[PDB]
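6 protein chains.
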Amino acid sequence: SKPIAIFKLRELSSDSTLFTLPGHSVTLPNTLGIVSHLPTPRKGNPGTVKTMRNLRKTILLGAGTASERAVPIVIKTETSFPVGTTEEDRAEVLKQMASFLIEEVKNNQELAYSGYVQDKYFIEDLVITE
Amino acid sequence: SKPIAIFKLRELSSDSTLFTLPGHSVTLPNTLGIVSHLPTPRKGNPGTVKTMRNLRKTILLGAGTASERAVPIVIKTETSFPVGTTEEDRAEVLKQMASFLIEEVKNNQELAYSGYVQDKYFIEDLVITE
Amino acid sequence: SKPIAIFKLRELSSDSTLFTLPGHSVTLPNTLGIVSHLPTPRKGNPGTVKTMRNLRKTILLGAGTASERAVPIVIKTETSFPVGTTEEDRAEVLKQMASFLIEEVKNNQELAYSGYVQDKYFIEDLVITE
Amino acid sequence: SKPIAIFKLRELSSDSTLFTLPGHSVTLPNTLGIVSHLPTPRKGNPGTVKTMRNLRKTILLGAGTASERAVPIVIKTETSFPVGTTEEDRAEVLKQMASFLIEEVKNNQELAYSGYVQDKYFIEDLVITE
Amino acid sequence: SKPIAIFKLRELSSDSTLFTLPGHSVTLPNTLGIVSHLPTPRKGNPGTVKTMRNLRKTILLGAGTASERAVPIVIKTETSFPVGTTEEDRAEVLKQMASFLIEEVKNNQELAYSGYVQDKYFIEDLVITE
Amino acid sequence: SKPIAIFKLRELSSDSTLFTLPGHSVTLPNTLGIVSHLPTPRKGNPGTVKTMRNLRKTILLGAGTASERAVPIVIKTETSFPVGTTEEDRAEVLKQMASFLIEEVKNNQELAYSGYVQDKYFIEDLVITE
Ligand SMILES: [Ca+2]
Ligand SMILES: [Ca+2]
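Residue numbers (the deposited numbering), protein chains in the order written: chain EX, 1 to 130; chain EW, 1 to 130; chain BA, 1 to 130; chain EM, 1 to 130; chain AY, 1 to 130; chain AZ, 1 to 130.
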């Protein structure tokens, strides 16, 4: 229950920024890239904010083995919210997504690591406040 | 705190399936597509599982207005896990992702809906795994 | 007296940086933008620093009216100071400028919003320090 | 506190009027000029009043030096207010502007004369009345 | 013994930034450019960080003379550190470099300003690290 | 605080000379190359002495690992001083450079090894005499 910190690093572009997680070594990078494409209003149409978040953690593979491979694990999350959308709706889709991720962790990454796809899934609704 | 229940609508493909969320009206679709590509072993390289899941909730804009628009809110989580990684490391990246989602909801969608890229981000660690 | 905080939004370029004011909303933007063209020393001519700053506030018109128009309200300030000018004189021109703006607000936007040209003007050279 | 008096010099046109500040000298001009483009009501669109005011102060450089250059120091303010905007918001943008100018004078011309971009800014919303 | 203070003038590029030294007049620039190219991992080869820093001080020649010349003095330190090296080894090379610079200043710039290549060089080891 | 010695080796060219550091093995070279380009006076222009110093230290990488890489660490320092430059100015730029190197060593090679670039830097002025 100890708070996790994420620090700034080089600003790759006007929309792309790179951040270091606490587990980040130079030999094994552990970084979160965040890119926010601001909405450009089309003629007669409201914009749609786009946010893409690439968390990636480098893991040594077979380090004791003579053949060693430095290999990344990536969780990317892109989120397209149109302007004028209810904050409640946005919060709902985020709650559902985080809840499914957590339930998959509790599942021992059954789907992610073993390709098993259950017919019907259940995720406990998450309620968290300040 | 009602368990969010997601059913299997239909099997799109051998790797693609599409589930329906509870709020799924046929007029306003509310779907969760999940695709899992089994890793393909390569000569000298272990496979890498890829699981891509998009959650999509359809919302109206200006329902009372004569000109209304049916637009989707969309979250997407791509997860590339190489074969031979630690379940601990997978849990780490997934907990970090879900925690950042939750903290961004707790942030009143500052980053997503407004485009504020904060210099440093503090996410609560997740002990809700149980 | 409550200080007003101008946050950094995104860095458009090395010259242009957009900041958001506290009144900002994504539907009705309220932003300062600020650019500083550095002095380029010429052959025997010292450079001139040009700082151009554009501040725009987006307000709706006739909200209840079925025909509503979201329009901006802009105040731009361009400031060209040559290198080697005594600082005191730049302090003077800036004080004169802010004082005239303040006196026009005191005058209830006579000049600005009614286009009434006045024959003479009077402003207060208020020296405000820390 | 001594009020500063801006005199009328000559009326260039119905739009443009040049005034002289108290620091004026014919060898080193010190003048405000002020123009108010009135609103032209369009077909269903209310006009926007544009008041552009250019204030220039002419100072010598290196007087004792045999090579001296009489150069101006300019601060221009352009203010575009659409018809029907609440007066309060124009008061707000003008107060914010004058306050930022004042805080830059308080800051000893860091931004203006050294081109140092700051990450955040703070100004005081001082309400000065009659 | 005053702490030498170097400020960030502006962000030139995503990898390039330019700082100003204390003695930085706009007429005689005194800058420290620093560029850090993040290592690019290669197939079978770890990345190698490269950090290049040039310190440049502008000085006049024959100021009293009618024909004077504004010329730069320039130091440049390129530092290529491969990923996975020992911080001890990095400290070794950096201490050796700074010590040779100091000993060359203590040498009254024999090598740099006169071109004397001595057969054997004795540098004090640096215990000022603290 | 034990003195470090640097020995002559083969004279590569009329301007380039190679030296051995004390940590120098034949299997892992540790050498300082020094090259001094003497100033050639142009017609009506004084020369500019150029001095380039490449210190490089070879480090075994993953020696216990089956895959072993012999990899160099390079600190190069080029220094261009024009003829007629004040010795005090030369000494200042060298003091600043060595001070920044030392402060970076004290920084645990934060910039050099991890690409982190602080907004504003401070280096303690170094004063050393015979
Ligand atoms: Ca008249
Ligand atoms: Ca920045």
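Note that beta-carbon positions come from the ideal geometry of N, C-alpha and C, so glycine has one too.
Using only CA atoms, which one of EX:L60, EX:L61 and EX:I34 lies nearest to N54 of chain EX?
On the first sequence, residue 54 of chain EX is found 54 positions in, with the first residue counted as 1. Nearest C-alpha to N54 of chain EX: EX:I34.
Helix, strand or coil at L126 of chain AZ [DSSP, three-state]
Against the sixth sequence, residue 126 of chain AZ aligns to sequence position 126. Here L126 of chain AZ sits in coil by DSSP.
CB contact below 8 Å: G115 of chain EM versus chain BA
In the fourth sequence, counting from the first residue as 1, residue 115 of chain EM sits at position 115. Under the Cβ distance rule, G115 of chain EM counts among the residues neighbouring chain BA, one pair being separated by less than 8 Å.
Looking at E11 of chain EM and ligand 1, is the gap between the Cβ and the nearest heavy atom below 7 Å?
If you number the fourth sequence from 1, residue 11 of chain EM lands on position 11. Yes, the Cβ of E11 of chain EM comes within 7 Å of a heavy atom of ligand 1.
Contact between the segment 111-122 of chain EW and the segment 56-75 of chain EW is defined here as three or more beta-carbon pairs at a separation below 8 Å; is this criterion met?
Segments in contact, no.
Out of AY:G84, AY:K106 and AY:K2, state which residue places its alpha-carbon closest to the alpha-carbon of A63 of chain AZ.
Counted from its first residue, the sixth sequence places residue 63 of chain AZ at position 63. If we check each option's Cα against that of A63 of chain AZ, AY:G84 comes out closest.
What ranges does the beta strand (DSSP E) occupy inside the segment 17-67 of chain BA, keeping only unbroken runs of at least 3 residues that lie completely in it?
List check, beta strand (DSSP E) in window: 30-37 and 48-61.
Let me know the secondary structure DSSP gives residue 131 of chain EX once reduced to three states.
Since the first and last residues shown for chain EX are 1 and 130, residue 131 of chain EX lies out of range.
So, is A5 of chain EM buried or exposed, given that buried needs 16 or more other C-beta atoms within 10 angstroms?
Looking up residue 5 of chain EM in the fourth sequence gives position 5. With fewer than 16 other Cβ atoms from the protein chains shown falling within 10 Å of its own Cβ, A5 of chain EM counts as exposed.
Can you list, in chain order, the residues of its chain whose CB lies under 7 Å from that of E104 of chain AZ, leaving out five sequence neighbours each side?
Along the sixth sequence, read from residue 1 onward, the residue named residue 104 of chain AZ stands at position 104. Here the set comprises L111 and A112.
Would you mind working out which of AZ:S16, AZ:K2 and AZ:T20 sits nearest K120 of chain AY, comparing C-alpha positions?
By 1-based counting over the fifth sequence, the position of residue 120 of chain AY is 120. Taking only the C-alpha atoms, the option nearest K120 of chain AY is AZ:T20.
By DSSP, does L9 of chain EW sit in helix, in strand, or in coil?
The residue labelled residue 9 of chain EW in the question sits at position 9 within the second sequence. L9 of chain EW carries a strand assignment under DSSP once its states are collapsed to helix, strand and coil.
Can you give me the Cβ contacts of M52 of chain AZ inside the same chain, cut-off strictly under 6 Å, excluding the 5 residues immediately before and after it?
Residue mapping note: residue 52 of chain AZ aligns to position 52 of the sixth sequence, counting from 1. Same-chain partners within the cutoff: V35 and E78.
Coil, strand or helix - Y113 of chain AZ by DSSP:
For the purposes of this step, residue 113 of chain AZ is identified with residue 113 of the sixth sequence, where counting begins at 1. Correct three-state label for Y113 of chain AZ: helix.
Going by DSSP, name the residue or residues bridged to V71 of chain EM.
Stepping through the fourth sequence from its first residue, residue 71 of chain EM is reached at position 71. Answer is EM:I59.
Please classify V26 of chain EM as buried or exposed, where buried requires at least 16 other C-beta atoms within 10 Å of its C-beta.
Looking up residue 26 of chain EM in the fourth sequence gives position 26. Under this definition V26 of chain EM is an exposed residue.
Name the chain EW residues whose beta carbon is nearer than 8 Å to that of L9 of chain BA?
Taking the third sequence and counting its residues from 1, one reaches residue 9 of chain BA at position 9. Correct list: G115 and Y116.
Less than 8 Å between C-beta atoms, sequence neighbours within five positions excluded: which residues of the same chain meet that for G23 of chain EM?
As a working mapping, residue 23 of chain EM is identified with position 23 in the fourth sequence. Contacts found: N30 and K57.
Does ligand 3 have a heavy atom nearer than 7 Å to the CB of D89 of chain EW?
Only ligand 1 and ligand 2 can be found as ligands here, which leaves ligand 3 out of the picture.
Taking only the alpha-carbon atoms, compute the straight-line gap between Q96 of chain AZ and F100 of chain AY and give it to the nearest angstrom.
In the sixth sequence, residue 96 of chain AZ corresponds to position 96, counting from 1. In the fifth sequence, residue 100 of chain AY corresponds to position 100, counting from 1. Taking the straight line from one Cα to the other gives about 13 Å.
Mind listing the chain BA neighbours of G33 of chain EM? Cutoff is C-beta to C-beta under 7 Å, in chain order.
Translated into the one-based positions of the fourth sequence, residue 33 of chain EM becomes position 33. Within chain BA, no C-beta atom comes less than 7 Å from the C-beta of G33 of chain EM; the nearest is roughly 12 Å away.
Considering Cα atoms alone, identify which of BA:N108, BA:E124, BA:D89 and BA:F122 is closest to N108 of chain EM.
As a first step, residue 108 of chain EM must be located in the fourth sequence, where it is residue number 108. Looking at the Cα atoms, BA:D89 is the closest of the given residues.
Under three-state DSSP, which class holds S99 of chain BA?
Here residue 99 of chain BA corresponds to residue number 99 of the third sequence, with the count starting at 1. It is helical.
Looking at the C-beta of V105 of chain AY, does it have a partner C-beta in chain BA at a distance below 8 Å?
Along the fifth sequence, read from residue 1 onward, the residue named residue 105 of chain AY stands at position 105. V105 of chain AY does not count as touching chain BA.
Cβ-based burial, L12 of chain EW [other Cβ within 10 Å; buried from 16]
The residue labelled residue 12 of chain EW in the question sits at position 12 within the second sequence. By the 10 Å Cβ count, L12 of chain EW comes out exposed.
Since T79 of chain BA sits in a beta bridge, which residues does DSSP pair it with?
Here residue 79 of chain BA is taken as the residue at index 79 of the third sequence, counted from 1. Paired residues: BA:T51 and EM:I75.
Those residues which DSSP pairs with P3 of chain EW across a bridge:
Working through the second sequence from its first residue, we reach residue 3 of chain EW at position 3. Paired residue(s): EX:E124.
Name the residue from EM:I73, EM:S80 and EM:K2 whose alpha carbon lies nearest to the alpha carbon of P46 of chain EM.
Within the fourth sequence, the letter at position 46 stands for residue 46 of chain EM. Ranked by Cα distance from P46 of chain EM, the first of EM:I73, EM:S80 and EM:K2 is EM:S80.
What's the gap between the Cα of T17 of chain AY and the Cα of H37 of chain AY?
Within the fifth sequence, numbered from 1, the residue matching residue 17 of chain AY stands at position 17. Within the fifth sequence, numbered from 1, the residue matching residue 37 of chain AY stands at position 37. Near 12 Å, if we compare the C-alpha coordinates of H37 of chain AY and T17 of chain AY.
By the 10 Å Cβ neighbour count, where 16 or more other Cβ atoms means buried, how is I128 of chain AZ classified, buried or exposed?
Translated into positions along the sixth sequence, residue 128 of chain AZ becomes position 128. Around the beta carbon of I128 of chain AZ, fewer than 16 other beta carbons sit within 10 angstroms, so the residue counts as exposed.
How would you call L94 of chain EM, buried or exposed, if buried means at least 16 neighbouring beta carbons within 10 angstroms?
Locating residue 94 of chain EM in the fourth sequence gives position 94, where the first residue counts as 1. Flag for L94 of chain EM reads buried.
Between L61 of chain EX and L28 of chain EX, is the Cβ-Cβ spacing less than 8 Å?
Numbered from its first residue, the first sequence carries residue 61 of chain EX at position 61. Numbered from its first residue, the first sequence carries residue 28 of chain EX at position 28. The answer is no: Cβ separation not under 8 Å.
Determine, using beta carbons only, whether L94 of chain AY comes closer than 8 Å to chain EX.
As a working mapping, residue 94 of chain AY is identified with position 94 in the fifth sequence. No, its Cβ sits nowhere closer than 8 Å to a Cβ of chain EX.
Label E92 of chain EM either buried or exposed according to how many other C-beta atoms from any shown protein chain fall within 10 Å of its C-beta, with 16 as the threshold for buried.
By 1-based counting over the fourth sequence, the position of residue 92 of chain EM is 92. Residue environment for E92 of chain EM: buried (at least 16 other C-beta atoms within 10 angstroms of its C-beta).
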